[PDB]
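Enquirer: My structure is below; once you've seen it, I'll send some questions.
Every number in this text was worked out from the coordinates using simple rules, so none of it is lab data. Heads up, the Cβs are rebuilt from the backbone with ideal geometry, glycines too, and the neighbour counts pull from every protein chain shown.
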Amino acid sequence: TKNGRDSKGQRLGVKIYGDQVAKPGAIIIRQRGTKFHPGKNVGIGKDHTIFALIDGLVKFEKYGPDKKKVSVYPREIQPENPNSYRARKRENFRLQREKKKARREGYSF
Amino acid sequence: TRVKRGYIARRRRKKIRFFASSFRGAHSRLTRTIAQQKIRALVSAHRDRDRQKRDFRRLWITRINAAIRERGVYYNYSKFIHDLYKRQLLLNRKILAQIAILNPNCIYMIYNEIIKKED
Amino acid sequence: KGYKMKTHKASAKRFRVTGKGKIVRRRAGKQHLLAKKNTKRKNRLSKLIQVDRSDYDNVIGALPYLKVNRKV
Amino acid sequence: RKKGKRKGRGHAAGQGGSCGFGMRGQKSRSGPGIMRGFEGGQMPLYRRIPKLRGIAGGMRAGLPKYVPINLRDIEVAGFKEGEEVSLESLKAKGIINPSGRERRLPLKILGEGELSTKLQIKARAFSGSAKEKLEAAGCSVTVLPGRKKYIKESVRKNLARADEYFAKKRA
RNA sequence: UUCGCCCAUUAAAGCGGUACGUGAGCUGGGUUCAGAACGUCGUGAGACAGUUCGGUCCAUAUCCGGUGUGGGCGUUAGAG
RNA sequence: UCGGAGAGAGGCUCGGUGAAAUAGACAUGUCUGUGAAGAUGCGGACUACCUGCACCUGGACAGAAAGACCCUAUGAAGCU
RNA sequence: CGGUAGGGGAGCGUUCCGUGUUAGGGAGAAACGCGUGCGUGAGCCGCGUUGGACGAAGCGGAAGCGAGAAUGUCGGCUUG
RNA sequence: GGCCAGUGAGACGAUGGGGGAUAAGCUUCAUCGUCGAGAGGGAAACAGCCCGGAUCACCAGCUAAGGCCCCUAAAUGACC
RNA sequence: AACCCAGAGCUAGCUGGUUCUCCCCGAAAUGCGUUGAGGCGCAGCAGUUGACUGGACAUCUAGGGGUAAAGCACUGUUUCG
RNA sequence: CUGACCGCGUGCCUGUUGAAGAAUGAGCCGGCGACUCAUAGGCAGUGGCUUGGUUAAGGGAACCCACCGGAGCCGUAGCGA
RNA sequence: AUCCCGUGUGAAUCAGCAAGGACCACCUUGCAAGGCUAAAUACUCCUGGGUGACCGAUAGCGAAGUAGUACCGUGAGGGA
RNA sequence: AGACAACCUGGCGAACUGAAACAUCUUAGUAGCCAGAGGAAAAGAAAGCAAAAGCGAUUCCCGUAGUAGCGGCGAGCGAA
Ligand SMILES: [Mg+2]
Ligand SMILES: [Mg+2]
Ligand SMILES: [Mg+2]
Ligand SMILES: [Mg+2]
Ligand SMILES: [Mg+2]
Ligand SMILES: [Mg+2]
Ligand SMILES: [Mg+2]
Ligand SMILES: [Mg+2]
Ligand SMILES: [Mg+2]
Ligand SMILES: [Mg+2]
Ligand SMILES: [Mg+2]
Ligand SMILES: [Mg+2]
Ligand SMILES: [Mg+2]
Ligand SMILES: [Mg+2]
Ligand SMILES: [Mg+2]
Ligand SMILES: [Mg+2]
Ligand SMILES: [Mg+2]
Ligand SMILES: [Mg+2]
Ligand SMILES: [Mg+2]
Ligand SMILES: [Mg+2]
Ligand SMILES: [Mg+2]
Ligand SMILES: [Mg+2]
Ligand SMILES: [Mg+2]
Ligand SMILES: [Mg+2]
Ligand SMILES: [Mg+2]
Ligand SMILES: [Mg+2]
Ligand SMILES: [Mg+2]
Ligand SMILES: [Mg+2]
Ligand SMILES: [Mg+2]
Ligand SMILES: [Mg+2]
Ligand SMILES: [Mg+2]
Ligand SMILES: [Mg+2]
Ligand SMILES: [Mg+2]
Ligand SMILES: [Mg+2]
Ligand SMILES: [Mg+2]
Ligand SMILES: [Mg+2]
Ligand SMILES: [Mg+2]
Ligand SMILES: [Mg+2]
Ligand SMILES: [Mg+2]
Ligand SMILES: [Mg+2]
Ligand SMILES: [Mg+2]
Ligand SMILES: [Mg+2]
Ligand SMILES: [Mg+2]
Ligand SMILES: [Mg+2]
Ligand SMILES: [Mg+2]
Ligand SMILES: [Mg+2]
Ligand SMILES: [Mg+2]
Ligand SMILES: [Mg+2]
Ligand SMILES: [Mg+2]
Ligand SMILES: [Mg+2]
Ligand SMILES: [Mg+2]
Ligand SMILES: [Mg+2]
Ligand SMILES: [Mg+2]
Ligand SMILES: [Mg+2]
Ligand SMILES: [Mg+2]
Ligand SMILES: [Mg+2]
Ligand SMILES: [Mg+2]
Ligand SMILES: [Mg+2]
Ligand SMILES: [Mg+2]
Ligand SMILES: [Mg+2]
Ligand SMILES: [Mg+2]
Ligand SMILES: [Mg+2]
Ligand SMILES: [Mg+2]
Ligand SMILES: [Mg+2]
Ligand SMILES: [Mg+2]
Ligand SMILES: [Mg+2]
Ligand SMILES: [Mg+2]
Ligand SMILES: [Mg+2]
Ligand SMILES: [Mg+2]
Ligand SMILES: [Mg+2]
Ligand SMILES: [Mg+2]
Ligand SMILES: [Mg+2]
Ligand SMILES: [Mg+2]
Ligand SMILES: [Mg+2]
Ligand SMILES: [Mg+2]
Ligand SMILES: [Mg+2]
Ligand SMILES: [Mg+2]
Ligand SMILES: [Mg+2]
Ligand SMILES: [Mg+2]
Ligand SMILES: [Mg+2]
Ligand SMILES: [Mg+2]
Ligand SMILES: [Mg+2]
Ligand SMILES: [Mg+2]
Ligand SMILES: [Mg+2]
Ligand SMILES: [Mg+2]
Ligand SMILES: [Mg+2]
Ligand SMILES: [Mg+2]
Ligand SMILES: [Mg+2]
Ligand SMILES: [Mg+2]
Ligand SMILES: [Mg+2]
Ligand SMILES: [Mg+2]
Ligand SMILES: [Mg+2]
Ligand SMILES: [Mg+2]
Ligand SMILES: [Mg+2]
Ligand SMILES: [Mg+2]
Ligand SMILES: [Mg+2]
Ligand SMILES: [Mg+2]
Ligand SMILES: [Mg+2]
Ligand SMILES: [Mg+2]
Ligand SMILES: [Mg+2]
Ligand SMILES: [Mg+2]
Ligand SMILES: [Mg+2]
Ligand SMILES: [Mg+2]
Ligand SMILES: [Mg+2]
Ligand SMILES: [Mg+2]
Ligand SMILES: [Mg+2]
Ligand SMILES: [Mg+2]
Ligand SMILES: [Mg+2]
Ligand SMILES: [Mg+2]
Ligand SMILES: [Mg+2]
Ligand SMILES: [Mg+2]
Ligand SMILES: [Mg+2]
Ligand SMILES: [Mg+2]
Ligand SMILES: [Mg+2]
Ligand SMILES: [Mg+2]
Ligand SMILES: [Mg+2]
Ligand SMILES: [Mg+2]
Ligand SMILES: [Mg+2]
Ligand SMILES: [Mg+2]
Ligand SMILES: [Mg+2]
Ligand SMILES: [Mg+2]
Ligand SMILES: [Mg+2]
Ligand SMILES: [Mg+2]
Ligand SMILES: [Mg+2]
Ligand SMILES: [Mg+2]
Ligand SMILES: [Mg+2]
Ligand SMILES: [Mg+2]
Ligand SMILES: [Mg+2]
Ligand SMILES: [Mg+2]
Ligand SMILES: [Mg+2]
Ligand SMILES: [Mg+2]
Ligand SMILES: [Mg+2]
Ligand SMILES: [Mg+2]
Ligand SMILES: [Mg+2]
Ligand SMILES: [Mg+2]
Ligand SMILES: [Mg+2]
Ligand SMILES: [Mg+2]
Ligand SMILES: [Mg+2]
Ligand SMILES: [Mg+2]
Ligand SMILES: [Mg+2]
Ligand SMILES: [Mg+2]
Ligand SMILES: [Mg+2]
Ligand SMILES: [Mg+2]
Ligand SMILES: [Mg+2]
Ligand SMILES: [Mg+2]
């Protein structure tokens, strides 16, 4: 008859993607049914909310042959770049803040 | 402490009126109108100090085109100028206009140098 | 005898301050209709929460004698 | 002394014309505003939140009943050995300035910091850690009597009948 | 009332535009103003894209525009 | 129909006395185009010596203030 | 280094108070009128064939402290 | 984080669409540009299209968009 | 529902007005709620003041997706055989 | 000082998505004419003390003001109805 | 609770009575149903002295002259 | 007996307003009106405070304190 009723969008969908970082407890996906399946190091909720049990990179996989599942793997961060563009500019900012604050009270006259 | 406005107003008004001397009609009389008219005057002035720099180049170029067109059948302003540059001369358009009027023979010579060299 | 500001009383029966100077309040909704609220939710509605930065103005404005640090 | 804005004079100055009230409507209109705690007619924040625990019914508010002092303060102060601390001698050196409500109060000692001296202390009360640290440092702790609570005779008979029971039982 | 119908003619009794072309040119209705009555709705006060009888719009032309009617000055000396 | 003449009171000229509503400033053409979508004032053409007087009322969204009609206001009052 | 609502900085002026019964002033003060003067401007500094007795600068203080709009408002004077 | 403002009527244009008649200078959303709050040039004139973002002086010079018969700056240029 | 005075400078989320100069920065017309719709609260986006920071503009790789296109494997729909 | 002739040049305010508007307002001129005061709260800027800070009313050679006046008040403990 | 009043009922005298924030016990404090009394405090139609970061003829009182006058209103009242 | 500016006591006693409406509440026992007396009036010599320690008629100022509380527990009111 007469239309025009509706619902606020529920905020469902992927919260963290593949190869991003997760905290323990961090929600990876809110879904209605299961459009994904829990993998390893990964718990599932009552509403089929998928959440991480472990810090690390989250990876999506073929559940096979058709469906998909998500699991979390622990990563390793050793490789801090000692000398690179990133390091160079961030350092530069530090040292410029230091210098520019030190040449104030160090002003004669 | 009560303060009458006193002359603080009338001075301002007067110093505006001085501005607007020789405006026809009620533009030279009534304060309230005079105000506006001052502003507009100042405004045009500012505008046309910019227009000015446009208009004399207008003019100069025109006169130059006239001055050259006399010599060759096929000669222009455009041609001329292009020729002045590929011959590496610095003279700007004011000077070529004033030399066009006030020393015509000179411009004939210049043309003869550009011609000799383009030859 | 001048006029001194009055504490807005209906605001002071609601908000108070912690020793370090932040404002706190109760949470709304644990009064009736509890049976149909799960225990977990009920626990969450039992605790004391620091008021949202947003409202700090209105509150502060109506409780002038509340000693409050906004952490400056 | 920074010179004040005089609103409504000139534009080039400052807040001229409107004065910084922008265009129209309630906030630019002369007169008392709208109440500080009020949002548009939506149920105001303070009204949609429940009243604080005890206050809400008329259970009396909690009030300080002693003037708390740590041992920190008694260390920093100029107390030489043997000296009486009490209440009075803490006003003397000023480390406590009592106001009306505080005047009418007793004194209580709270352990913090480690006292080195032998002092003679008088107060109506001590925390556990307090008198522990005090009797550990060799200080004499005088506990002053509070004012007797008046009791009618019948309740003395009851409370004494108790003590007679305990006494006949242990002996 | 736009519309339209008829009478008697007529060469023919065109259709549109111009703020209903035209209310500081004129006049009826319409904005159904206040009174009253009928039908109808409403317990009611009152109502009606119902009907009915009664029912106040002024104006010395500044400028433009116009119809006439002059002066001044020009028309290279002045006139008829 | 279909207007005509005449008499008075004005109108008109001369002398005397002498207001008013109005009014941003006004050196105040027409067509057409444009534009807050109907322009003396912006554009393009066209037409226009300067200035009176008598007449005429098409324009200046002419003049005489809250629009009676419609809506708003947590306005006002009367009535049920 | 465009700029409305709007925020911030730096200034100018008016009348009064302190310094102060000040400097100066019937050898002409305030004011009024003028400037080939100086300022980014508000304004300042200089000058008077006016005027006829008061009153700066500096360093500070205070406000009945700056007008073109309110169908503002009171007087004056026009237009018609 | 602190202190303390306005704003909460938007307009068209490009694009994706819905309502409507794949009508409206209509209406309602989405991602952008300009106007709002932006002058200059091009567009006959011409908020929203194109170029470009105005500290200020110069009777200097080079260009953008756009143009080079006359009004009106530049070719009455060349070759198909 | 008279007049005159007083409460009264009533009240007006409405309309009108709001006066000197220079310098710097500079918006919004959106969301939610509202006896709300031309008002207001909070958020969003100004200014000024601090505390932390290391980015932005580019370049490439990696994620999940179900639009444009496309399709008849399902759900409808449809023509003829 | 005047101004032959050429070019450029759509009064001001208010208020709007937007105005030269045929949108409002002003006949003209000169005056009067609007974010003020008191008392508190918060924040900033300056001082003064930090042997913690400060006085209120009150008294004062009339005022101001020396010198008093610690009653109060702010900071030194929190948690909890 | 205490305090004070309409209607109606209605005690006790110190071995009492009232108060101590419903009420009862206990303790503490006080003695209603009869009166009267200065100062510290409020005010300006005024009187006498004093001062003024108060006005100076649109200001200051409505009023520096016939001012509550002229004038207006039946009157209350307005009012230069 | 009448007159008498403000202040004061007693008696009658509003409403606009605030609460973003309004009815309890607020405005406020305010204005107004009536009556009365004084240079002040009123209050005043504990049938009072307090809390297990004490005070010693009334009035007024500072403070406690925007605290305890009261309140469509809203607007607000607000002690000792
Ligand atoms: Mg949905
Ligand atoms: Mg479970
Ligand atoms: Mg004066
Ligand atoms: Mg003034
Ligand atoms: Mg000239
Ligand atoms: Mg604390
Ligand atoms: Mg419960
Ligand atoms: Mg705020
Ligand atoms: Mg101020
Ligand atoms: Mg400023
Ligand atoms: Mg203005
Ligand atoms: Mg403001
Ligand atoms: Mg305005
Ligand atoms: Mg506003
Ligand atoms: Mg108001
Ligand atoms: Mg209030
Ligand atoms: Mg409750
Ligand atoms: Mg507590
Ligand atoms: Mg204290
Ligand atoms: Mg025939
Ligand atoms: Mg024929
Ligand atoms: Mg016709
Ligand atoms: Mg007709
Ligand atoms: Mg007409
Ligand atoms: Mg009729
Ligand atoms: Mg009937
Ligand atoms: Mg019907
Ligand atoms: Mg009749
Ligand atoms: Mg005429
Ligand atoms: Mg004519
Ligand atoms: Mg003629
Ligand atoms: Mg002639
Ligand atoms: Mg002649
Ligand atoms: Mg002639
Ligand atoms: Mg005739
Ligand atoms: Mg006749
Ligand atoms: Mg006659
Ligand atoms: Mg005559
Ligand atoms: Mg007149
Ligand atoms: Mg003309
Ligand atoms: Mg058009
Ligand atoms: Mg046209
Ligand atoms: Mg034209
Ligand atoms: Mg023109
Ligand atoms: Mg006409
Ligand atoms: Mg006529
Ligand atoms: Mg016009
Ligand atoms: Mg409403
Ligand atoms: Mg109402
Ligand atoms: Mg720039
Ligand atoms: Mg700028
Ligand atoms: Mg501004
Ligand atoms: Mg000066
Ligand atoms: Mg002076
Ligand atoms: Mg002298
Ligand atoms: Mg002089
Ligand atoms: Mg003077
Ligand atoms: Mg000077
Ligand atoms: Mg000076
Ligand atoms: Mg003399
Ligand atoms: Mg001086
Ligand atoms: Mg001076
Ligand atoms: Mg004033
Ligand atoms: Mg004026
Ligand atoms: Mg008028
Ligand atoms: Mg007048
Ligand atoms: Mg909204
Ligand atoms: Mg809207
Ligand atoms: Mg608006
Ligand atoms: Mg559009
Ligand atoms: Mg579009
Ligand atoms: Mg699509
Ligand atoms: Mg189609
Ligand atoms: Mg569409
Ligand atoms: Mg549209
Ligand atoms: Mg583009
Ligand atoms: Mg705007
Ligand atoms: Mg822009
Ligand atoms: Mg432009
Ligand atoms: Mg252009
Ligand atoms: Mg651009
Ligand atoms: Mg640039
Ligand atoms: Mg070039
Ligand atoms: Mg040319
Ligand atoms: Mg050719
Ligand atoms: Mg009657
Ligand atoms: Mg009436
Ligand atoms: Mg009132
Ligand atoms: Mg008012
Ligand atoms: Mg009024
Ligand atoms: Mg009302
Ligand atoms: Mg900028
Ligand atoms: Mg936008
Ligand atoms: Mg509204
Ligand atoms: Mg806001
Ligand atoms: Mg910001
Ligand atoms: Mg994919
Ligand atoms: Mg992809
Ligand atoms: Mg798929
Ligand atoms: Mg979909
Ligand atoms: Mg498709
Ligand atoms: Mg199929
Ligand atoms: Mg099929
Ligand atoms: Mg010209
Ligand atoms: Mg032009
Ligand atoms: Mg022109
Ligand atoms: Mg409009
Ligand atoms: Mg106009
Ligand atoms: Mg407009
Ligand atoms: Mg409009
Ligand atoms: Mg006016
Ligand atoms: Mg007008
Ligand atoms: Mg003023
Ligand atoms: Mg204010
Ligand atoms: Mg103040
Ligand atoms: Mg303050
Ligand atoms: Mg300090
Ligand atoms: Mg004192
Ligand atoms: Mg004294
Ligand atoms: Mg004194
Ligand atoms: Mg009693
Ligand atoms: Mg009591
Ligand atoms: Mg009793
Ligand atoms: Mg009574
Ligand atoms: Mg008896
Ligand atoms: Mg007693
Ligand atoms: Mg007795
Ligand atoms: Mg009694
Ligand atoms: Mg007695
Ligand atoms: Mg008595
Ligand atoms: Mg006079
Ligand atoms: Mg006078
Ligand atoms: Mg005079
Ligand atoms: Mg008598
Ligand atoms: Mg009498
Ligand atoms: Mg008497
Ligand atoms: Mg009421
Ligand atoms: Mg009412
Ligand atoms: Mg009020
Ligand atoms: Mg109300
Ligand atoms: Mg209201
Ligand atoms: Mg006395
Ligand atoms: Mg007496
Ligand atoms: Mg006695
Ligand atoms: Mg007695």
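Enquirer: Enter the mean projected area of the convex hull around the alpha-carbon atoms of region B:70-116, in nm², rounded to one decimal.
Expert: Dividing the Cα hull surface by four gives the mean projection, 3.2 nm².
Enquirer: When the Karplus curve 6.51 cos²θ - 1.76 cosθ + 1.60 is applied with θ = phi - 60°, which whole-Hz ³J(HN,Hα) does each residue of region D:6-16 get, with x for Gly and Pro?
Expert: Running phi through 6.51 cos²θ - 1.76 cosθ + 1.60 with θ = phi - 60° gives 9, 6, x, 10, x, 8, 4, 5, x, 7, x Hz.
Enquirer: About the Cα centre of the protein assembly as shown, what is the dipole size in debye to 20, counting +1 per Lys and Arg Cβ and -1 per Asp and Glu Cβ, all else neutral?
Expert: Numbers: 124 positive and 37 negative charges, 692 e Å.
It comes to approximately 3320 debye.
Enquirer: Would you kindly derive the ³J(HN,Hα) couplings of region A:46-57 from the backbone phi angles with the Karplus curve 6.51 cos²θ - 1.76 cosθ + 1.60 (θ = phi - 60°), listing them in order in whole Hz, with x for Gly and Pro?
Expert: Once rounded to whole Hz, the list reads 7, 8, 6, 7, 8, 9, 7, 9, 8, 5, x, 6.
Enquirer: Let's test the formula: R0 of 60 Å, r as the Cβ-Cβ distance of A:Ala26 and D:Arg6. What FRET efficiency results, to the nearest 0.05? Present the calculation step by step, with values, prior to reporting the outcome.
Expert: On the way: r = 57 Å, r/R0 = 0.95.
Efficiency, from the Cβ-Cβ distance: 0.55.
Enquirer: By counting other Cβ atoms within 10 Å of each Cβ, how are D:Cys19, D:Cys139 ranked from fewest to most?
Expert: Fewest-to-most Cβ neighbours within 10 Å comes out as D:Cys19, D:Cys139.
Enquirer: Other chains near B:80-92: what is the mean number of their Cβ atoms within 10 Å of each residue's Cβ?
Expert: 0
Enquirer: Efficiency by 1/(1 + (r/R0)^6): what FRET value for C:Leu33 and D:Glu39, r their Cβ-Cβ distance, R0 = 25 Å, to the nearest 0.05? Provide the component values of the computation, followed by the final result.
Expert: Working: r = 25 Å, r/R0 = 1.01.
Once the sixth-power term is evaluated, E becomes 0.50.
Enquirer: Shifting gears a bit: What list do you get for A:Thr1, D:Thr142 if you sort them by fewest beta carbons within 10 Å?
Expert: On the way: A:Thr1 2, D:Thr142 11.
So the residues, fewest neighbours to most, are A:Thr1, D:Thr142.
Enquirer: Percent of Cα-Cα pairs per 10 Å bin, from 0 to the last occupied bin, for region C:3-72, please list those.
Expert: 17, 42, 26, 12, 2, 0
Enquirer: Now a separate question. May I ask for log10 I(q)/I(0) of chain D at q = 0.12, 0.16, 0.18 Å⁻¹, from a Debye sum over the Cα atoms as equal point scatterers with solvent left out?
Expert: Relative scattering, expressed as log10 I(q)/I(0), comes to -0.84, -1.03, -1.14.
Enquirer: Determine the dipole magnitude for chain D: charges of +1 sit on the beta-carbon of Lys and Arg, -1 on that of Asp and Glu, nothing else is charged, the reference point is the Cα centre, and the result goes in debye to the nearest 20. Please list the in-between numbers first.
Expert: Values: 40 positive and 15 negative charges, 320 e Å.
Using only the charged Cβ atoms, the result is roughly 1540 debye.
Enquirer: Follow-up. Set the Förster distance to 51 Å, then compute FRET efficiency between D:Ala167 and D:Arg101 from the Cβ-Cβ distance, nearest 0.05.
Expert: Step by step, r from the Cβ atoms, then E = 0.75.
Enquirer: Bin all alpha-carbon pair distances of region A:1-97 at 5 Å intervals from 0 and give each bin's fraction as a whole percent.
Expert: Histogram of Cα-Cα distances, whole percents per bin: 3, 11, 17, 15, 11, 9, 9, 9, 8, 4, 2, 1, 1, 0, 0.
Enquirer: How large are Rg and Dmax for region D:70-171 when calculated on the C-alpha trace, in angstrom?
Expert: My reading of the Cα-based Rg and Dmax gives 18.3, 52 Å.
Enquirer: Quick one: what Rg and Dmax do you get for the protein assembly as shown from the alpha carbons, in Å?
Expert: 44.9, 150
Enquirer: Long-range amide H contacts for D:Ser140: which residues qualify at under 5 Å (H placed 1.01 Å from N, peptide plane, sequence gap of 5 or more or a different chain)?
Expert: The list, which skips near neighbours in sequence, is D:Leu119, D:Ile121.
Enquirer: Oh, and also: Provide the net charge surrounding A:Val14, with neighbours chosen by a C-beta distance below 10 Å and charges set as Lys +1, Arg +1, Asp -1, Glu -1. Intermediate results must be reported in sequence, preceding the final value.
Expert: Values: positive: A:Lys15, A:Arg30, A:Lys35; negative: none.
Residues close to A:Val14 contribute a combined charge of +3.
Enquirer: While we're here: Counting only other chains, what is the mean number of Cβ atoms within 10 angstrom of the Cβ of each residue in peptide D:38-46?
Expert: On the way: counts 2, 2, 0, 0, 0, 0, 5, 11, 13.
That works out to 4 on average.
Enquirer: Could you work out the percent of alpha carbon pairs in region B:1-116 separated by over 16 Å, rounded to a whole number?
Expert: Working: 4726 of 6670 pairs.
Looking at region B:1-116, the distances longer than 16 Å represent 71 percent of pairs.
Enquirer: Can you sort D:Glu81, D:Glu135 so the residue with the fewest Cβ neighbours within 10 Å comes first?
Expert: Least crowded to most crowded, the residues run D:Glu81, D:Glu135.
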